[PDB]
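Whatever order the structure lists them in is the order used to number ligands and atoms, beginning at 1. For this chain, numbers begin at 1 and follow the sequence in order. FYI, side chains are in, hydrogens and waters are out, and symmetry mates aren't considered; it's all heavy atoms of this structure.
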Amino acid sequence: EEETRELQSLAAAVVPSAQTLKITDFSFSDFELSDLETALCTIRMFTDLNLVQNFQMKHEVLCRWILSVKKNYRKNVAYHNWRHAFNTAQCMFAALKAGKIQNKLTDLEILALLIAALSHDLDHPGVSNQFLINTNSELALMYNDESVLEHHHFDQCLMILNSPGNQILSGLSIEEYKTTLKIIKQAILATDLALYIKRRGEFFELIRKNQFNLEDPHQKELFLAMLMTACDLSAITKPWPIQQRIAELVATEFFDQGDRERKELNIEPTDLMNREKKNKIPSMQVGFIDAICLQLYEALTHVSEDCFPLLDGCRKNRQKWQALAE
Ligand SMILES: Nc1nc2c(ncn2[C@@H]2O[C@H](COP(=O)(O)O)[C@@H](O)[C@H]2O)c(=O)[nH]1
Ligand SMILES: [Mg+2]
Ligand SMILES: [Zn+2]
């Protein structure tokens, strides 16, 4: 069997060190890596966060789970594919390690964040929540138009975690498992950008008034939400060649949706979804950095000064895009 062969080869392979895989670097790139290499990188992330040892994960089970996750991202979507999910998880790993965020959270929270990052866009169809709503998608009906995609992504995450041979959370007690799934669900739902915009104000105000308290459960959940967003948008902080390449992937998906909107729904798409504005991608990226990213990475920097490289990377990309916009 082909799938059996893939798993037996992965499970028997040595897992290279974090150093060799460069996964502790905020400026990490997956572009020269094969699919197998990304899976090995993923095993190393779980291992170096002590999740394998601390939660008694069988090596074969972890390997099968990673392959299942990778297989459940679509191969015909330009941006919302396995590489995006993988890069999101690596940014989380780098934030927890080099960003020194791991000392502020428990092992169970770290377990949930890593799983959530890897699973956060599972089976993404390559269209937005609003498009699914306006086209009467079965997903929109099921989730009452609320964070439609994100609910779908969590459902897929749950489906995989429960499938035979993929149960990486079998070592958790029933109480721990209930708790972990709740954190994972909230973390995936947090990647809905509409929710980030809605709640970012409370987070920023807590930092401004020196009242940020991670012992408060509401604020802990809030922080996990902002971290998920920070990881999800982290391509905007990457070295220029990586950000230029990724931005074109994002535009590819957006423009394709816009073409469907114009033809099937008879509506003029917004600028970000309108192919006529391809020449304005630089101004649109600067606009996205100013409205969303800058303040998020500034806030994360106040939380942990070792997260400064994310803010620095974001600022450098704004300079690069603004030069092309002028
Ligand atoms: N304009 C713009 N939006 C982005 C970019 N990267 C992430 N996003 C925004 O943040 C959201 C992240 O959610 P995701 O697309 O991963 O499901 C995107 O849908 C999009 O609205 C970008 O490079 N440019
Ligand atoms: Mg998403
Ligand atoms: Zn995403």
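- Not one N, O or S atom of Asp192 sits under 2.8 Å from the Mg ion (ligand 2).
- For atom 5 (C) of ligand 1, the closest non-hydrogen atom on the protein side is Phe288 CE2, 3.7 Å.
- In this structure, a donor-acceptor pair under 3.5 Å is absent between the side chains of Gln130 and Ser128.
- Aromatic ring orientation, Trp82 versus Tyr73: tilted (interplanar angle from 30° to 60°).
- The Zn ion (ligand 3) forms the vertex of an angle spanning OD2 of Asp121 and NE2 of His84; to the nearest 10 degrees it equals 90°.
- Salt bridge annotation for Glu109-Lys220: present, with a cationic side-chain nitrogen under 4.0 angstrom from a carboxylate oxygen.
- In summary, the side chains of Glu298 and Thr301 do not present any donor paired with an acceptor at a separation below 3.5 Å, with no hydrogens or angles considered.
- Between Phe212 and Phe203, a ring centre-to-centre spacing shorter than 6.0 Å is recorded.
- For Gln285, the heavy-atom gap to ligand 1 drops under 4.0 angstrom.
- When the Zn ion (ligand 3) is compared with the N/O/S atoms of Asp232, atom OD1 turns out nearest.
- Between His80 and ligand 1, at least one pair of N/O atoms sits closer than 3.5 Å.
- In terms of polar-atom proximity, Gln243 is not counted as a contact of ligand 1, lacking any N or O under 3.5 Å from an N or O of the ligand.
- Of the protein's heavy atoms, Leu233 CD2, 3.6 Å lies nearest to atom 7 (C) of ligand 1.
- Residue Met284 does not touch ligand 1, judged by heavy-atom distances below 4.0 Å.
- Using a cut-off of 2.8 Å, one finds that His80 contributes no N/O/S atom close to the Zn ion (ligand 3).
- Residue-level check: among N/O/S atoms of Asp121, OD1 sits closest to the Mg ion (ligand 2).
- The side-chain heavy atoms of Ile160 and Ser119, taken from C-beta on, include no pair separated by under 4.5 Å.
- Checking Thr191, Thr229, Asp232 one by one against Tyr196, the side chain to side chain contact (heavy atoms under 4.5 Å, CB included) holds for a single residue, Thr229.
- The minimum heavy-atom distance between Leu249 and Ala78, with the atom names listed, is CD1-O, 3.7 Å.
- Salt bridge status for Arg74 with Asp123: present, with a side-chain N to carboxylate O gap under 4.0 Å.
- Inclusion of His120 in the first shell of the Zn ion (ligand 3) is supported: an N, O or S atom falls under 2.8 Å.
- Between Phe288 and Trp321, the distance from one ring center to the other does not fall under 6.0 angstrom.
- Residue contacts with ligand 1 include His124, since one of its heavy atoms falls under 4.0 Å from the ligand.
- Regarding atom 20 (C) of ligand 1, its nearest protein heavy-atom neighbour is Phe254 CZ, 3.9 Å.
- When heavy-atom distances to ligand 1 are checked against a 4.0 Å cut-off, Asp121 comes that close only through its side chain, counted from C-beta outward.
- Here the protein heavy atom with the shortest distance to atom 12 (C) of ligand 1 is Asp232 OD2, 3.5 Å.
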